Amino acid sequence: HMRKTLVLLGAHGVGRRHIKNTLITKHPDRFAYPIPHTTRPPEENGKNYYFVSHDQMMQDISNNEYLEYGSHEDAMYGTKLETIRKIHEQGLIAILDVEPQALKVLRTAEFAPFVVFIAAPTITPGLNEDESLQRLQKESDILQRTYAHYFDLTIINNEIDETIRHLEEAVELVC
């Protein structure tokens, strides 16, 4: 693989979770998702989470071993670079639905990302113009006008099945 990581940028709720899970479910021999590490007491280590002590996670973060990290209910969660490496070592493409900040560490030969921006729909006959859609479109626009330098491809998510097909075709070509 020339490109080993499919990075999906986009506003929260634009559909990246459905897209990511569908791609892996469809092609589990092609894609994988790096599960997070957490300091939340456990489950099975390595199933949905890797369990780590607070001190160990902090030491690893300080040593720049994490791609992303955050806190929730007195606990910490993060995606470790090593987890992505494991996927690559198996000849699989890692799918990462992350914030643009993650690209600082991901944009190297080691991870070789293909960065796709999944944009909010412009055709919305089935969606109420409520707070959720307005915020989705606002956030999508902020991302689009701020981080466009880093996009390899943009797909407007008007038809989610088409978005998935386009990603499959792009990956077949570029990765």
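Residues carry their position along the shown sequence, with the first being 1.
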>> Please classify the coordinate gap between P42 and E43 in terms of deposited residues: none, 1 to 3, 4 to 9, or 10 or more.
In response: 1 to 3
> Going by the B-factors listed in the PDB entry, is the mean over the C-alpha atoms higher for 69-77 or for 90-98?
Replying inline: 69-77
> Mean C-alpha B factor from the entry: is it higher for 59-67 or for 125-133?
Replying inline: 59-67
> Which one, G46, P36, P28, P113, has the peak C-alpha temperature factor per the PDB entry?
Replying inline: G46
>> Per the entry's Cα B factor values, which of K138, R107, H149, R145 stands out as the maximum?
In response: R107
> Thinking about Cα B factors across the chain, which third does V171 belong to?
Replying inline: middle
